[PDB]
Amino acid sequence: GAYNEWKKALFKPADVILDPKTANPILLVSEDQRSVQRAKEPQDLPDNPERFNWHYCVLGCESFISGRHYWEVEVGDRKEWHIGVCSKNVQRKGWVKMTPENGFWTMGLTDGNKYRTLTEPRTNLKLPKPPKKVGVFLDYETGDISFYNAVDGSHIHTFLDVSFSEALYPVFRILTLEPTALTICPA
């Protein structure tokens, strides 16, 4: 459909690979750096400045300061996941609420069937069909971050008219221990 035929004409396909130096020590990044899982217990890793030490987050390796970009994430049958973008300068040490005011523009799924945007306060989304693959779209200049069901092209949510000033990274968060990983589709 139009989603597949037009996406690359409007947005540059980003080749997103996960940065293991950023990942909370309870997360495992796959060898190909496209997939993340959770461990039962935190692994023994350095508390280097780029690493999230409280939130169960990991970033892409590259950030964006201009332009239109997109990437796609296979969420599959996971019961919990959150994805989107965040500012380079978010607080990675200690707790902050993941909200736009704190530099995070994310949405996702909790408790198997509760879709939300991570706003303040959180907003519930009503999705006709549960997505298995989600497209994340950034237009830096217009300030729009938009999420689509990447199989049927349906709209999930858009953060409108944000005034970005910092570089933006893809961000991924998983809280639960489940058999299915969260995985980036290669460009």
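Between two forms, the rigid core is defined as the largest C-alpha subset superposing within 1.5 Å. The first residue of the shown sequence is 1; numbering continues from there.
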(request) Between 157 to 165 and 120 to 128, pick out the one whose C-alpha positions differ more from the shown form in 5 other deposited structures of this protein, using the rigid core for superposition. (result) 157 to 165
(request) Would you mind comparing 75 to 83 and 93 to 101 for me and telling me which has the higher average C-alpha temperature factor in the entry? (result) 93 to 101
(request) Check the entry's C-alpha temperature factors for 34 to 42 and 123 to 131, then say which stretch has the higher mean. (result) 123 to 131
(message) Just the C-alpha B-factor column, please: which of 151, 28, 58, 118 has the biggest number?
(response) 151
(message) Checking the record values for 142, 53, 63, 146, which has the greatest CA B factor?
(response) 142
(message) Ranking the modelled residues of this chain by C-alpha B-factor as given in the entry, is residue 175 in the lowest, middle or highest third?
(response) lowest
(request) Would you mind ranking residue 164 by its C-alpha B-factor against the rest of the chain and naming the third, lowest, middle or highest? (result) highest
(message) Using only modelled residues of the chain, where does the Cα B factor of residue 14 rank: lowest third, middle third or highest third?
(response) middle
